[PDB]
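Observations on chain architecture
The lines below spell out each chain.
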Amino acid sequence: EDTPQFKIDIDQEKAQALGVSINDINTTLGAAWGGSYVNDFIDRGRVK
Amino acid sequence: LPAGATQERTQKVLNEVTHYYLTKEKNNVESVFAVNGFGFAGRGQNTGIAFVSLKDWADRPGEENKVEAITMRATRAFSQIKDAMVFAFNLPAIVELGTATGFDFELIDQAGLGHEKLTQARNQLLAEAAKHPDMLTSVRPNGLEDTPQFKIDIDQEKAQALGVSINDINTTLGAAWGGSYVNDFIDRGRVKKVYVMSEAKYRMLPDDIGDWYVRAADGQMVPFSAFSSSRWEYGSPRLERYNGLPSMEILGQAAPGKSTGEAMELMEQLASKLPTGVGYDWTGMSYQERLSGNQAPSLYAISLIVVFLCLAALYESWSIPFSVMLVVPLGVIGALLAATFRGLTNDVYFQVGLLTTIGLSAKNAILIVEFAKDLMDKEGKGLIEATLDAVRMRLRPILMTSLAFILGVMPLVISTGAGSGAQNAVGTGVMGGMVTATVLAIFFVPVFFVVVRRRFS
Amino acid sequence: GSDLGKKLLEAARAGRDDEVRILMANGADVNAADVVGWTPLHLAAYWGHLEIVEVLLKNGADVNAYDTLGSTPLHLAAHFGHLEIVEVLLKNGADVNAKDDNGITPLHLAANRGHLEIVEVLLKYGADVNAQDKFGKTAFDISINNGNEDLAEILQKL
Amino acid sequence: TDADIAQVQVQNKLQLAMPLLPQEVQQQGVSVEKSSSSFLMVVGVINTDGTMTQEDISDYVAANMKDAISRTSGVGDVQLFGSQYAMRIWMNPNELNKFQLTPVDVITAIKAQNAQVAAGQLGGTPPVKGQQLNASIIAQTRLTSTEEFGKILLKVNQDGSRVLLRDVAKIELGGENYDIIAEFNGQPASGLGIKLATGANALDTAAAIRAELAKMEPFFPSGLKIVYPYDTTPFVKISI
Amino acid sequence: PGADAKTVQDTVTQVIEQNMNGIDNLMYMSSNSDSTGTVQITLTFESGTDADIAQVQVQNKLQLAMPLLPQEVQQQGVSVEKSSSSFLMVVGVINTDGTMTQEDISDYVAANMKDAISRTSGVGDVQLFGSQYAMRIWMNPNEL
Amino acid sequence: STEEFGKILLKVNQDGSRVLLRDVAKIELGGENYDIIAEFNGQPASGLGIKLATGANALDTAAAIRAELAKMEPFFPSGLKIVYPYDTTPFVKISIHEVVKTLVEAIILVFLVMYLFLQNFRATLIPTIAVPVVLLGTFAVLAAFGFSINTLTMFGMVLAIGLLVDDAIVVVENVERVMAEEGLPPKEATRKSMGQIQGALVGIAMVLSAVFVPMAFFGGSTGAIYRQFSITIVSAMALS
Amino acid sequence: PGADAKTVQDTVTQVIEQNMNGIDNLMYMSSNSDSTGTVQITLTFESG
Ligand SMILES: CCCCCCCCCCCCCCCCCCCC(=O)O[C@H](COC(=O)CCCCCCCCCCCCCC)COP(=O)(O)OCCN
Ligand SMILES: CC(=O)O[C@H]1C[C@@]2(C)[C@@H](C[C@@H](O)[C@H]3[C@@]4(C)CC[C@@H](O)[C@@H](C)[C@@H]4CC[C@@]32C)/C1=C(\CCC=C(C)C)C(=O)O
Ligand SMILES: CCCCCCCCCCCCO[C@@H]1O[C@H](CO)[C@@H](O[C@H]2O[C@H](CO)[C@@H](O)[C@H](O)[C@H]2O)[C@H](O)[C@H]1O
Ligand SMILES: CCCCCCCCCCCCO[C@@H]1O[C@H](CO)[C@@H](O[C@H]2O[C@H](CO)[C@@H](O)[C@H](O)[C@H]2O)[C@H](O)[C@H]1O
Ligand SMILES: CCCCCCCCCCCC
Ligand SMILES: CCCCCCCCCC
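The rules behind the values
Numbering of residues starts from 1 on every chain and follows the written order of that chain's sequence, so it may differ from the entry's own numbering; residues lacking coordinates are omitted. Following the order in which they are written, the chains are lettered starting with A and the ligands numbered starting with 1. This view covers only part of a larger assembly, and the values given relate to that part. Processing note: side-chain calculations cover all non-hydrogen atoms of the structure and skip hydrogens and water entirely. Contact between two residues is taken to exist if any of their heavy atoms lie within 4.5 Å; hydrogens are not considered. Defined in terms of a 1.4 Å probe, buried area is the accessible area two parts forfeit on being brought together, summed over both. Secondary structure elements are taken from DSSP: a helix is a run of H or I of four residues or more, a strand is a run of E of two residues or more, and numbering for both begins at the N terminus. Strand pairing is assigned whenever DSSP detects at least two bridges linking the two strands. By convention in these notes, a residue is near a molecule or strand provided one of its non-hydrogen atoms lies within 4 Å of it. In the scheme used here, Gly and all other residues not listed as nonpolar or charged are polar, with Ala, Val, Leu, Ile, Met, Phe, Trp, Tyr, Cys and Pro taken as nonpolar and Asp, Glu, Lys and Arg as charged. In protein, a polar contact requires one atom able to donate a hydrogen and another able to accept it; more generally it is a pair of N or O atoms within 3.5 Å, and residues adjacent in sequence count only if both atoms are side-chain atoms. Reported accessibility uses the Shrake-Rupley method at a 1.4 Å probe radius. Residues are deemed covered only where the shown protein chains occlude them. Think of it this way: a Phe, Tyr or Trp ring, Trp meaning its six-membered ring, pairs with another when their centres are within 6.5 Å, and the plane angle makes it stacked under 30 degrees, edge-to-face over 60, tilted otherwise. Using a 1.4 Å probe on the protein chains alone, a residue whose accessible area is under 20% of its type maximum counts as buried, one over 50% counts as exposed, and one in between counts as partly exposed. Every angle, taken between N-to-C directions, lies between 0 and 180 degrees, and every axis is a line fitted to C-alpha atoms, over only the stretch in contact when it is a helix. For this document, the term salt bridge refers to a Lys or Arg side-chain nitrogen within 4 Å of an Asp or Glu carboxyl oxygen.

Chain D has the name Multidrug efflux pump subunit AcrB in the PDB entry, where Escherichia coli is given as its organism.

The name recorded for chain A in the PDB entry is Multidrug efflux pump subunit AcrB, from Escherichia coli.

Okay, the interface of chain E and chain F next. Each partner contributes residues to the interface: chain E has 52 residues there, and chain F has 57 residues. Summing both partners gives a buried area of about 5,100 Å² for chain E against chain F, and 63% of it is carried by carbon and sulfur. In terms of surface lost to chain F, no three residues of chain E exceed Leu88, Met89 and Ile94 of chain E, which account for 16% of the buried area on that side. When residues of the side of chain E that touches chain F are traced back to their parent elements, those giving at least two are β3 (87-95), α4 (102-112), α5 (114-118), β4 (123-128) and β5 (134-139) of chain E. Broken down by element, the residue count for the side of chain E that touches chain F peaks at nine residues, all from β3 of chain E. Across six bridges, the pairing between β3 of chain E and strand β6 (residues 80-87) of chain F is antiparallel. Following the sheet pairing, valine 90 of chain E is matched in β6 of chain F by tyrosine 86 of chain F.

This next bit is on the site of ligand 4. As a structural note, the neighbourhood of ligand 4 is formed by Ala313 and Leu314 of chain B together with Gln198, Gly199, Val202 and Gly203 of chain F. Per-site note: the chains with residues close to ligand 4 are chains B and F. Taken together, the elements giving at least two residues each to the shell around ligand 4 come down to α8 (295-315) of chain B together with α6 (186-212) of chain F. A total of four residues in the shell around ligand 4 trace back to one element, the largest contributor, which is α6 of chain F. Counted by class, the shell around ligand 4 contains three nonpolar, three polar and no charged residues.

For the rest of this paragraph, the subject is the site of ligand 3. All names here are of chain F. Neighbouring ligand 3 are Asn57, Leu59, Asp60, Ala63, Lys93, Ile96, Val100 and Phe139. Residue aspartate 60 places a side-chain N or O atom 2.6 Å away from an oxygen atom belonging to ligand 3. Contact with the protein chains hides 52% of the accessible area of ligand 3, taken as 800 Å² for the molecule alone. The set of elements that each furnish at least two residues to the shell around ligand 3 consists of α2 (58-72) and α3 (89-118). Within the shell around ligand 3, the residues separate by chemical class into five nonpolar, one polar and two charged.

Here we take up the packing of aromatic side chains. Residue and element names in this part refer to chain B. Taken as a whole, this structure holds 36 aromatic pairs over all chains when the rule is applied. Taken together, a centroid distance of 5.7 Å and an interplanar angle of 10° make the contact between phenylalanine 105 and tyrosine 280 stacked. Of this pair, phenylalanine 105 sits in strand β3 (residues 103-109) while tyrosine 280 sits in strand β13 (residues 278-282), placing them 175 residues apart in sequence. Residue class for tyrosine 280 comes out partly exposed when judged on its relative accessible area of 32%.

Taken in spatial order, the four strands make up an open sheet running β10(B)-β5(B)-β5(D)-β4(D), and their pairing is mixed. What marks the edges here is a single partner per strand, and that holds for β10 (228-235) of chain B together with β4 (118-122) of chain D. Across the sheet, the axes of successive neighbouring strands diverge by a mean angle of 30°, strand direction being ignored. Of the pairings in the sheet, the one linking β4 of chain D to strand β5 (residues 135-138) of chain D comprises three bridges and is antiparallel in character. Across the sheet, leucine 122 of chain D pairs through a bridge with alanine 135 of chain D, a residue of β5 of chain D. In the packing of helix α5 (residues 166-178) of chain B onto the sheet, contacts are made with β5 (147-154) of chain B together with β4 and β5 of chain D, and the angle to β4 of chain D comes to roughly 40°.

This part is about the pattern of salt bridges. Scanning all chains against the criterion turns up 48 salt bridges over all chains. With a closest N to O distance of 3.5 Å, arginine 238 of chain B and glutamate 240 of chain B form a salt bridge. The exposure class of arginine 238 of chain B is buried, given its relative accessible area of 10%. Look at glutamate 240 of chain B and you get buried, because its relative accessible area is 10%. A salt bridge links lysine 34 of chain D to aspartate 4 of chain D; its shortest N-O distance comes to 3.7 Å. Linking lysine 34 of chain D in the loop between α2 (23-28) and β1 (35-47) with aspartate 4 of chain D in helix α1 (residues 3-17), this pair joins segments that are 30 residues apart in sequence. The buried category is assigned to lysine 34 of chain D, whose relative accessible area is 11%. Through salt bridges with shared partners, one network takes in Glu379, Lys381, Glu385, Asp389 and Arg392 of chain B together with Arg177 and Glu181 of chain F.

Quick look at the structure:
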């Protein structure tokens, strides 16, 4: 069934006024609250 | 050549190797295809191969001008060489199949130990194998040892202080020293690659690092010396893996007199006392034996049963078959004599030769026994009477086939030309096997038949 | 580059103590060097072979031999955590404050990989704690940047 | 239907869609599988001496066991009941805003300072004449530890102080996800849910799985043990 | 290009190896990662396995791993081939009057010979020993 | 072209002068890689490594490759020459010829031996007909099983030739004997003679099948070689 | 996209075609490269 969800509207004009990129906004929101797979590293010989 | 050696150094040895074959083997060698930069154990600047092509078999008469002889002379001649392992060797009959002698072992990192501890475990295993020359010979790694390498550290703080980006640093380093495939272009209607790289003279030595500059945010050019530090360390030029885990392949063979199965059983024992988290497995030729080892007896166990059952149905007797079946060694002995006399091996041509020699001798025995039995069963004759009448009737056809078939394979025995190795292996095991199978069966088959019929009244 | 010099380099690396012994008897060059400038002592110090380090120093090996970038056997032993070799090299007159071409000392290297025992030994033989590399970095600066608690306590003796 | 051909034809078409998909979806790895919907077996893994947590066990299974089971013939799909470790950078927004930094700055620095650079060679081809030295250049390599990720330099302040990554984030080894958590008879566990590849023999695949697990058992840590909480194959063998 | 053995192993070889799943009739897999920037993963299959099916299954699992490999490796391309190492013959091509380098000969063979040999009756595969031309920009750091 | 790449604009200076790519770099058509140096008797070289197509005739292909290389001769630049350092076709041409010689010589030897003992041209023809019929027939069965003419299958027939020769000789001889000893005419003699051996010959086929057929069921690379001889010998012997 | 017939032929069609060698039961190969960037390469096989 449907469930409550938190709808958020980025104001494009206000963002352009302050000089804030929409890519920086969406990366910030997405990386912080959703997670972001940046790149790989090596843990005890295995790529992870 | 040794580790760290350059392309030029290798070329000098290949020129010397080529110079030998065109001077010292002038009458045999047609050409020498020198390939600097490639070896089967691991490609690199310090390795190469020279493919020697010979003149026609007609222009190289006698054993002295064959590959066997030329190989030995070349290998002996190239034992002199200034620090370089140089040796000639013939190709195997099936290059597709590989060399295929001895075993193929895999030493495996099973618990994230790392390259260095796997090297130590490998050295521990090799040193232990060396203490059993009676069972194992030429136990060696099929891979490269660690070599000196130039570790350069980009200082992140100093790069950020001067306003130099890391992408500009790492691109400047990689593009110049390593090369960089930028994009394609079209040369005369064909798409081809565009590479940027440093001209040879500015990417040779550690002092050349400081001659490369990178532009900072403020506009000033900064040299690599300003934001880097370097040092020598050791690392691998060839990392191996097996079934997803770090590995080191170990080749070797069973010692003279020993089977590969014994040598394998020892390597497993010596492996079981290696450090914690170091496992092993068998690959290639050894994997196929380890899985399909018990087939050879198990198949011919059924063969022997079916043969018996067929002869039982033919003769209508559970006992009489034995008189035929006892013929098998009579051919085999002469094959083994003819092979061992000439210094040939127990190879597939010889082995298929045994089966044809056995089958024809078995066929002869079947007809001798058949004739004898019918004389007993229909004409009411005695055992010895029927046996003597049977072998009398069958003497001529046995002698005719043998005369023809021994003379038919006679050229394959004496042959020394092209493809003579296979012809020899076919011919000798058939000739020698036929000589004993003919001579012995005519006297021994009546013995087998008479002894069997007396034993089972 | 003599015949036995190359065999001593390879033997000192591999840790074959018995082959080094024989090569010492036959007069193999203890100061023989790679293309990169590494003596048998460098190689023994790197790969951690203790007996050979001692054998080479008995046979007049240069304890302060330097490679093409300024690194000594003490640099190598201190960096790779070989405490026994560090003590032996220092005992046989190794320059505890030796600097490579980067200004990096054995203390900096020992500090950077958290080899606590070695850092104390180097200090005991007179390691300059305030020695700076080309980037102005002390061993103390390395310990706080790496976040090594115990090491920072030892080196905070200015 | 030949399932090998079904997979080929489906994947031929998926490949046309792949470039149109988001970069993040491509990087998670899209997979095409030909398996039964139901589980053939569950291979459980516990620690009988309580020495490893649910998270430690799952990582061990993912890093030392799963791949070899996945490569075994007849194994259509392998579900890890748990997650492999990843380097988790847990960001702090208060500390991020304190140094005028964002998640975009953290991401850029991790790309810049956890990098595996191809640097070429000293004396590389084509060389100058008379070269004696040949050696690989090794520059930055992948980071291997929380300590190394911790000391990633984000920025240097006006007054000369350093903002490291550990100053704006807690750094630890932890699951790629934290969604799957398993238990065996109340105690912490992980495991592998194995599905039979389309048309393969259940009993042969099980035998191959049990053989592949036997190769792993000798190199386990202390206390780690395989358990068999679900297997559809034994009934086939017993009923026959 | 320009990659050491470890860089190749840890950015290419491990990533490909981790994705070699769900492929039928695999006996074993082996790989080498070396300091000339090369990786070779060989996957050996059970006897009687269809080689074309074996190849496409490997090829398909690689394609899905391609987005995980580095830009430079994606650009060069990762070749999946059947390892039927058995040449019918080797045709050498040489220059007697010293006018052409090996690079010049290799390009002539690429452009004026290779394709016609590939289209010849009964020819299964053809390998150029060398490369066709490349535009080389040899940089000077002093001038830069 | 190299000229166009040289004219690439890198920057425009303040004074007006243009920095082109040829100013800061040498530009040339070179190789992609410089690791391999290939030479043929000291001279620079390249070449084509040619493989045979599945189910193709190796001798036809080699002739065809040489024919296409001949068409290219006129258009080569000065100094360019074709050479053949490795070629299996000379070897394969010899291997087949020597086997064909042996099979024909075996048939004349049987003619010489048959005449030496039986002493009439009539009887010595009967194997001379029957053996070729069986040999030709074996190739038809090899074709039906998807086998090729090769070193292994050819020596398979050379090893089989004793079994083929024997079937011919045994049948004819036994008629010549029954005619000599009892004085029956050829037609009645053959009925009696074949009565003595037909049951045996069927038994011999079964027994020989049991000797050779198990050789086909070896596994791996060794078993693939053994299977070549097995099918060839079992087919030849069964037709005989 | 945007490439003429000749550019498409040189960069795509010939590159693909010179790799369509030694395929089993290939009777003939036909192809075309056009002004909309499109390549089509049809390979017809032996009957059966
Ligand atoms: C491992 C997986 C399982 C695989 C299965 C393998 C099966 C293999 C096939 C074996 C079949 C053998 C059957 C023979 C059974 C013996 C029957 C003989 C009966 C007998 O005693 O013969 C008597 C005359 O003696 C005589 O003249 C002597 C004849 C008997 C010779 C005995 C030797 C038998 C040899 C068979 C074993 C060797 C095979 C391999 C080479 C009179 O007969 P009677 O019926 O009146 O007697 C009853 C008296 N009141
Ligand atoms: C008498 C003699 O020398 O054998 C010749 C003669 C030969 C057996 C030939 C191979 C083959 O056509 C043979 C067949 C059975 C081909 C099919 C039919 O049309 C037969 C009517 C024909 C008769 C004999 C012949 C024509 C020979 C060969 C082999 C040629 C192949 C190579 C690779 C050299 C040979 O030269 O050895
Ligand atoms: C008494 C009967 C005994 C049975 C004998 C059985 C014969 C078996 C021999 C092999 C049969 C096939 O042998 C056939 O030989 C001819 C030789 O002209 C080959 O022909 C090929 O090689 C020759 C020689 O290099 C080339 O010049 C020619 O352009 C090419 O087509 C055929 O590709 C092959 O099909
Ligand atoms: C599952 C299938 C495989 C099973 C294995 C079979 C092996 C059998 C080998 C062949 C044996 C042939 O079988 C054998 O035939 C000959 C004739 O040809 C018979 O011999 C008899 O023939 C007829 C029969 O009416 C009589 O008039 C004659 O007096 C007598 O010679 C034998 O009684 C029989 O034993
Ligand atoms: C009834 C007499 C004819 C039986 C046929 C014998 C030939 C069988 C050949 C077996 C080959 C596998
Ligand atoms: C005539 C049948 C000969 C027996 C061949 C053996 C087959 C073994 C298959 C397991």
